[PDB]
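Single chain ahead, written as structure tokens, the form deposited in one PDB entry.
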């Protein structure tokens, strides 16, 4: 039930590693060593004396040590035997890479796998998974990418190929990861159990889940756990089978009955969960939520050097139920010290296309320093009057010198110089996007989470 020693084990066994470097078991072992696991690693193979410089054993039960986690990479017709041996060895977690269970119609074998694990007090992850990663333990027990950016996002995936691809994609999108967990068939340990761990994990600040469904009779506990987690950490769900038709399709891939779209949505709302309709949305939101505090009020300012970007922003916020209000006179006055008379202060604050780089510094600084400003979305349209990197650094400097932390998102539009500036900002953990609608949707996720959290709080109100 406690997953502390799943994510932070003293000893891990890899069953099914081989002299053959091409086999899955060997790939997992290689990632474990490459990524820098500091505990003991025990390759398990019927004949090998040693693998990758480590003493090998034919059985986990032969290991002169207490193995916390056994990563099992042997064919399905050999899994149950390994489970019995791990049971005898006192193993706590069986991470079953192996395919060929419920997802191919062998429901009985899968149920026997779980029944057998449990008779030894052992829990199962999977089967049919690509493993798991835990950054704070320098633990990469996957056959996916050898590395991820370190950070505070835990990503749980029910899908295999897309999950392992998304693991790589986090790098391109500059998302810092605390954990990757492939849950696959989800025959035993599931989202509820994982949420309970990440709740208590000081290394994890955001949880993103690719989810198709949860097991019958598991939903009430899901809401109970998810709602409490949401009080402190945002949960983003990428729902597979969002539509009636998609729900029918995805269910038969898992070998299950199709769940109710409407009720899942209601459950997510009651859980304070944010449902993403796409990979891009999920990643964009995760970035912002990972790198920003939650807004403490509705006083969101949009700063732009062009009305057009500002209008795209306004429309996008409106689509999300977010409406701008007049800026504080103190803020307006501060900005009028350098801004032309034909600037607009309706919110968005339009500092006009003639704005040089340092106006972004001063405008951003004034906004973030103002006590009646809760959040800031900064928009930039590349002109010959500016340098994109100059604007980016001005934003960086303003944030640092504000000596505080309010949610900020940035949207920059332009050519290759804007592309590099956006990259620069994101590597500084400032949520930046190449369009104003994406920057606004990202900020919209921060407010959506604030409102989701408020929903949960109200629902838990004492009579």
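Here the rigid core means the biggest group of C-alpha atoms that line up within 1.5 Å when the two forms are laid on top of each other. Only residues modelled in both forms are compared. Residue numbers count along the first chain shown, from 1.
Below, we turn to the form deposited in another entry, even though it does not appear here.
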After rigid core alignment between the shown form and the other one, the listed option with CA shift of 2 Å or more out of 231, 172, 161, 257 is 257
- Is there a C-alpha shift of 2 Å or more at residue 135 between the shown form and the other one once the rigid core is superposed? no
| query | Is there a C-alpha shift of 2 Å or more at residue 248 between the shown form and the other one once the rigid core is superposed? | reply | yes
Output row for the residue 167-residue 256 CA distance, |change| of 3 angstroms or more in the other entry, reads farther
Counting only common residues, the segments between the shown form and the other one where three or more consecutive C-alphas all move by 2 Å or more on the rigid core are 245 to 259
